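**Q** Chains as they are written, first to last, in PDB author numbering: chain B, 1 to 118; chain A, 33 to 626, 684 to 1271.
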């Protein structure tokens, strides 16, 4: 009954700002947060950032922190992460994922591929 | 002590009746020789009468006076005889059977109730150890054995001893000589039977050793079936299996020969000793005048008493095996070692709560050597709060919840409910104060009302209502028909699991515990019902001191205190915010994760038809069985004439007559019987022998010439096939042995017996056959009622056993404990029916055996009654009376032998039914043509287009779907896939092990579908993961004749040279002639594989196939084998599916196959330029 789409996923060179958003529509109210991913072929899947649908704060990865930002719709369920200063390393498929009470990722979405150069 | 007393324990009045019945068994066994003592007394007077009757030739009327006076007096005795013995044996029979039932019933019922109680009373231990099911299986089979152990078998045992010791008492008392003679023949008769046991035991192992070879050949061949098929080495195994059968048959015939020698000599010594007993018994009459022939027959009855000892031995073995198996497990069976749980006493807390306190608890699961899952613990949860536990590696939280119910006494430390230790309070009460909700719910088969009623025994539907209504389970149940009375059918899978768990919650809610334990109740559940049930738990929370463990973190949000473990090791404790503040383990896990056989259909006389078809001639065996058949009654006739003329005849000529009949009894039996018995044994022995050959031949060849999902993908197994080869032929061998045995006793009784019967007064015949068939039918209907009761009993205990196994298989009942006594209550009520049925069969088995013996005296009555009286009246003769006894021993050897060989005919008929349907086969592919093998047929460029396939499990997710490949000649075609099949299957399909469901495959462009099977398998490079090496000369292993190919030394030399196995070949004794040493126990995988490679390149295939050849290997072996493979290929087409991607780097065409669908194809660098499955495969290779 769930699914998460993404908006803004495209191409840009090093030093550009790529603002993205993750739309989450389905049924859940207990702690379903919105979280983003990044993966590269021939390699495992790494995580990005995650705001808690509680009212606390966000969790940035020790790779992307300092650069990336995140947000909310504020009237509805979405997460807008502004991607500031993307290195050619960033180049990966980004797929937003939602919380599970269990706390192990059981929710997934469409994703989007992002290509970075110089 | 523990051996006997406990076996017989309790039964206060039972032990008493046990003794009354025993006593009656004694006087029963005592009665039989007394009946035969009477036989001498009636013989005595009748003999004295006969002596004067022939001594006359002067006076007639005097014989009409005194002889008839004596005969009338004897008739007067007769009347008090059959009656006097009959009423006695009737009553004491019903009593001794009452032993079989009335005592065993109460004993077994007591055993069952105590056993059934103690099992549930062992608690934890069954989870700690043993079989938990196989145990309760065998145990109930042992208690089943007890009924055989404590039954009338004992009564029969004492009866037997009464006939033995009581028989010999009379024997010794009435003379000590004849005793000595029979005692002298005792070791002798025991000596011949000693030859039997030595011969049987020795010849069995030889045949077993012989068939072991045939079995070993059948063992590996059927395992190597895909290999022998691919190489077409069938006809050689055919020949060898015929040679081994030839030897097993020669040991079979020698076994039969020696066997017949033994049984023959044994009977020689028996009849010889019997004759010697008579020769000296008579010698004590004619000149001596001691015995009148009473004891002469009675000592034969002493022989019948020894046979009673032979009937005694099984009863002891029935008792002992019941004793030994039971008393040894009885120590486990009874009492209550317990001492960690029990049911009773202890302290009853009225404080109805207690702040839970965990203090320094060190524990280890009873896996013994397994490390402590929980090392140390400190947790203190204030009353009314809800503490949440978490972990990663698993369990360690579950241990603490398990300890809280006192299911396991901690190794060190203590767990304190309230202020007191948990080990002081009564366990039952503790269980009543502790509610538990497990992640996986279970519902017993009963109404939802009853499953709740299992929570608390005394309850009303109003409380049920409030329970489910507060548990919000009152919606779907109302909508559901039958409402609360709705049964949960077929165990617990009926309705939604969330609803199931919700009901379990209502059950724990009725319990109104002051402690609530939730283990992952929300875990493993759909999201919607999760939220519903969660809401139910929440309304079940906040009201009861509780401890909750789950991996669902949303419900942990509102928890008052959280405690981290991750493996059971305690680290952090406190509120959520404080924890996130610490950014520790809690924050880390939250945020990081964000064999049986034999189908029914029968033979129906096709048996002897196919047998005779395969049995070319044997009329001398059966005719010899006929002359031996008619040979048997002559003994019964001669002896009848011996005592006959001895009874009626005068003092003159007694010597000549008795001597002549003695010698005739000698030559007619001892000389002739040994001859005819050994003659037939030599005939039907070799008959069954060659049948054993031809049958297994025509079977195994029918097996090898057909594959087609009987081999490629059978639901059967190798063992079942070898089993078929053993049992089928052995059974039909017994079928024919029974054929000749039956025709033999057939003429032996019916044929000669009718002739003897014809010379009676014709009334005597009718009266006699007014007995034998009647008592026969009475014994048959006895057997029928017997099995009918055994079966209905089996049904009752079946049901009770089912609900019992239901209980013991579900250990979760111990968490409630409410059902501990309740279950044994229901079991009590269940066992009550067979109890009354046990009482029912007391009357039933009692009357049957009684009546059986009621016909016994009644038989002897009418025999001698009518033998006297009316026959005494006019023309009383010495004959026709002993001829009755002859007809009797014929009815005895009739019933005895026929009933003995009856089940032999059954299993054989069934076994024959199997062997017949298998040999019909469906020959399919053998040779034929389909092509003329034109001189222009080679290349080796193999096509695959749109090929789908499934191995014969139809909806098995066919591994090949929409598959197409191509490979040029003289080059290597690489193959790689995820795991499992489609790798190997392509190779299998190339073997044409199974023709695909759709699509086609080509080799030269010709259709494989339409190609001949043999020549297709004539060129193949097949190499398996673990090549199976036949036991044989390694030289003969290396060269498997493809068709006409002789073993060629220079060729296999070239083979070793290429395979690099020539290292071992150069040196070591016998070189190439070296045997594999008992199934290749001398070689490692690399060596065997080298040999397999040599088998491949010997044939010089234009097509090679490698299935994970290097999969199992190491170090230099991998390189030398890879080198061999590489030099083997490149001269011809090859297909390599090997999982070594390090060695795949040299390939002409590499193909990435995705589950039936070819995904990517091309050279290494090209695919490397590409990206997908392949690059991941190399990346994961590292």
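Cβ coordinates follow ideal geometry from the N, Cα and C atoms, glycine included.
Consult DSSP for residue 1271 of chain A and reduce its assignment to one of helix, strand or coil.
**A** Within the second chain, residue 1271 of chain A is the residue found at index 1182, counting from 1. Of the three classes helix, strand and coil, the one that applies to residue 1271 of chain A here is coil, per DSSP.
**Q** Under three-state DSSP, which class holds residue 427 of chain A?
**A** Residue 427 of chain A sits at position 395 when you count from the first residue of the second chain. The answer is coil: DSSP assigns residue 427 of chain A none of H, G, I, E or B.
**Q** For residue 820 of chain A, count neighbouring C-beta atoms within 10 Å of its own C-beta (all shown protein chains included) and say buried if the count is 16 or more, exposed if not.
**A** If you number the second chain from 1, residue 820 of chain A lands on position 731. With 16 or more other Cβ atoms within 10 Å, it is buried.
**Q** For a cutoff of 8 Å on Cβ pairs, would you count residue 585 of chain A as touching chain B?
**A** Here residue 585 of chain A refers to the residue found at position 553 when the second chain is read from its first residue. Chain B contact via Cβ: present.
**Q** Can the beta-carbon of residue 892 of chain A be found closer than 8 Å to that of residue 151 of chain A?
**A** What you label residue 892 of chain A is simply residue 803 of the second chain in a count that begins at 1. What you label residue 151 of chain A is simply residue 119 of the second chain in a count that begins at 1. In this structure, residue 151 of chain A does not lie closer than 8 Å to residue 892 of chain A by Cβ.
**Q** Measure the alpha-carbon distance for residue 1184 of chain A versus residue 809 of chain A and round it to whole angstroms.
**A** Indexing the second chain from 1 puts residue 1184 of chain A at position 1095. Indexing the second chain from 1 puts residue 809 of chain A at position 720. Each residue's alpha carbon lies about 30 Å from the other.
**Q** Give the range of the beta strand (DSSP E) segment to which residue 1224 of chain A is assigned.
**A** Stepping through the second chain from its first residue, residue 1224 of chain A is reached at position 1135. Residues 1222–1225.
**Q** Could you check the C-alpha separation between residue 91 of chain A and residue 101 of chain A for me, to the nearest Å?
**A** Reading the second chain from its first residue, position 59 is the one you call residue 91 of chain A. Reading the second chain from its first residue, position 69 is the one you call residue 101 of chain A. If you take the alpha carbons of residue 91 of chain A and residue 101 of chain A, they lie about 16 Å apart.
**Q** Once DSSP output is grouped into helix, strand and coil, what is the label at residue 788 of chain A?
**A** Here residue 788 of chain A is taken as the residue at index 699 of the second chain, counted from 1. Residue state, collapsed to three classes: helix.
**Q** State the CB to CB distance for the pair residue 722 of chain A and residue 841 of chain A, rounded to an integer number of angstroms; the pair is presumed to be in contact (CB under 8 Å).
**A** The sequence position of residue 722 of chain A within the second chain is 633, counting from 1. The sequence position of residue 841 of chain A within the second chain is 752, counting from 1. Confirmed, about 4 Å.
**Q** Whose C-beta lies closer than 8 Å to the C-beta of residue 974 of chain A among residues of the same chain, with five residues either side of it excluded?
**A** What you label residue 974 of chain A is simply residue 885 of the second chain in a count that begins at 1. Around residue 974 of chain A: 725, 729.
**Q** Residue 263 of chain A to residue 1106 of chain A, Cα distance in whole Å?
**A** Counting from 1 along the second chain, the entry for residue 263 of chain A is found at position 231. Counting from 1 along the second chain, the entry for residue 1106 of chain A is found at position 1017. Rounded to the nearest angstrom, the two C-alpha atoms are 7 Å apart.
**Q** On the three-state DSSP scale, how would you describe residue 1027 of chain A?
**A** Counting from 1 along the second chain, the entry for residue 1027 of chain A is found at position 938. Reduced to three states, the DSSP call for residue 1027 of chain A is coil.
**Q** Against chain A, does residue 59 of chain B count as a neighbour if the rule is that its beta carbon must be under 8 Å from one of theirs?
**A** Counted from its first residue, the first chain places residue 59 of chain B at position 59. Answer yes: the Cβ-Cβ gap between residue 59 of chain B and chain A drops below 8 Å somewhere.
**Q** Could you list which residues in chain A have their beta carbon closer than 8 Å to that of residue 50 of chain B, in chain order?
**A** The residue given as residue 50 of chain B occupies position 50 in the first chain. Those within 8 Å of residue 50 of chain B in chain A are 623, 626.
**Q** Out of A:113, A:355, A:317, which has the shortest C-alpha to C-alpha gap to residue 183 of chain A?
**A** Locating residue 183 of chain A in the second chain gives position 151, counting from the first residue. With distances taken between Cα atoms, residue 183 of chain A lies closest to A:355.
**Q** Are the C-beta of residue 31 of chain B and some C-beta of chain A separated by less than 8 Å?
**A** What you label residue 31 of chain B is simply residue 31 of the first chain in a count that begins at 1. At least one chain A Cβ lies under 8 Å of residue 31 of chain B.
**Q** Short check: CB of residue 754 of chain A to CB of residue 716 of chain A, under 8 Å?
**A** Walking along the second chain from the start, residue 754 of chain A turns up at place 665. Walking along the second chain from the start, residue 716 of chain A turns up at place 627. Contact flag unset, no.
**Q** Using alpha carbons as the reference points, say which of B:81, B:57, B:76, B:75 lies closest to residue 67 of chain B.
**A** For the purposes of this step, residue 67 of chain B is taken as the residue at position 67 of the first chain. Among B:81, B:57, B:76, B:75, the Cα nearest to that of residue 67 of chain B is on B:81.
**Q** Using only CA atoms, which one of A:1113, A:194, A:1174 lies nearest to residue 1203 of chain A?
**A** Start at 1 with the first residue of the second chain, and residue 1203 of chain A comes out as number 1114. Residue 1203 of chain A has its Cα closest to that of A:1174, out of A:1113, A:194, A:1174.
**Q** Residue 101 of chain B touches chain A at which residues, Cβ-Cβ below 8 Å?
**A** Counting from 1 along the first chain, the entry for residue 101 of chain B is found at position 101. The contacting residues are 554, 562, 584, 585, 586, 587.
**Q** Since residue 5 of chain B sits in a beta bridge, which residues does DSSP pair it with?
**A** Numbered from 1 along the first chain, position 5 holds the residue referred to as residue 5 of chain B. Beta-bridge pairing links residue 5 of chain B to B:23.
**Q** Run through DSSP, which three-state label would residue 86 of chain A get?
**A** As a first step, residue 86 of chain A must be located in the second chain, where it is residue number 54. Three-state DSSP puts residue 86 of chain A in coil, outside helix and strand.
**Q** Say whether the stretch 22–38 of chain B touches the stretch 53–62 of chain B, bearing in mind that this needs 3 or more beta-carbon pairs closer than 8 Å, one atom from each stretch.
**A** Result yes; three or more Cβ-Cβ pairs closer than 8 Å.
**Q** Report the rounded CA-to-CA distance for residue 760 of chain A versus residue 766 of chain A, giving the unit in angstroms.
**A** On the second chain, position 671 is the one that residue 760 of chain A refers to. On the second chain, position 677 is the one that residue 766 of chain A refers to. Cα to Cα, residue 760 of chain A sits roughly 11 Å from residue 766 of chain A.
**Q** Compute the Euclidean distance between the alpha carbons of residue 483 of chain A and residue 62 of chain B, then round it to the nearest angstrom.
**A** Working through the second chain from its first residue, we reach residue 483 of chain A at position 451. Working through the first chain from its first residue, we reach residue 62 of chain B at position 62. Going by the C-alpha atoms only, they are around 53 Å apart.
**Q** Are the CB atoms of residue 601 of chain A and residue 419 of chain A nearer to each other than 8 Å?
**A** Here residue 601 of chain A corresponds to residue number 569 of the second chain, with the count starting at 1. Here residue 419 of chain A corresponds to residue number 387 of the second chain, with the count starting at 1. No, Cβ-Cβ distance for residue 601 of chain A and residue 419 of chain A is not below 8 Å.
**Q** Would you check if the stretch 345–365 of chain A and the stretch 373–391 of chain A touch, i.e. whether three or more CB-CB distances between them fall below 8 Å?
**A** No, they do not touch.
**Q** Starting from the N-terminal side, write out each stretch of the beta strand (DSSP E) that is 3 residues or longer and does not extend beyond the stretch 394–453 of chain A.
**A** Taking only runs of at least 3 residues, the beta strand (DSSP E) segments lying wholly in the stretch 394–453 of chain A are 410–412, 418–422, 444–448.
**Q** Check whether the stretch 860–879 of chain A touches the stretch 497–504 of chain A, counting contact only when three or more Cβ pairs, one atom from each stretch, lie closer than 8 Å.
**A** Segments in contact, no.
**Q** Under 8 Å: do the stretch 38–49 of chain A and the stretch 13–24 of chain B share three or more Cβ pairs, one atom per stretch?
**A** The stretch 38–49 of chain A vs the stretch 13–24 of chain B: no contact.
**Q** Can you give, in chain order, each stretch of the alpha helix (DSSP H) that sits fully within the stretch 1104–1160 of chain A and has at least 4 residues?
**A** The stretch 1104–1160 of chain A contains these whole alpha helix (DSSP H) runs: 1123–1127, 1138–1148, 1151–1155.
**Q** Tell me which same chain residues have a C-beta within less than 8 Å of the C-beta of residue 177 of chain A, skipping the five on either side of it?
**A** Within the second chain, residue 177 of chain A is the residue found at index 145, counting from 1. Around residue 177 of chain A: 353, 354, 357, 358.
**Q** Under 8 Å between the Cβ atoms of residue 1169 of chain A and residue 1177 of chain A?
**A** The residue given as residue 1169 of chain A occupies position 1080 in the second chain. The residue given as residue 1177 of chain A occupies position 1088 in the second chain. Contact flag set, yes.
**Q** Less than 8 Å separating the beta-carbons of residue 174 of chain B and residue 94 of chain B?
**A** Examination of residue 174 of chain B is not possible in this model, given that chain B is present from 1 through 118 alone.
**Q** Starting from residue 1239 of chain A, trace the beta strand (DSSP E) in both directions and tell me its first and last residue.
**A** If you number the second chain from 1, residue 1239 of chain A lands on position 1150. Counting along the chain, the beta strand (DSSP E) containing residue 1239 of chain A begins and ends at 1239–1243.
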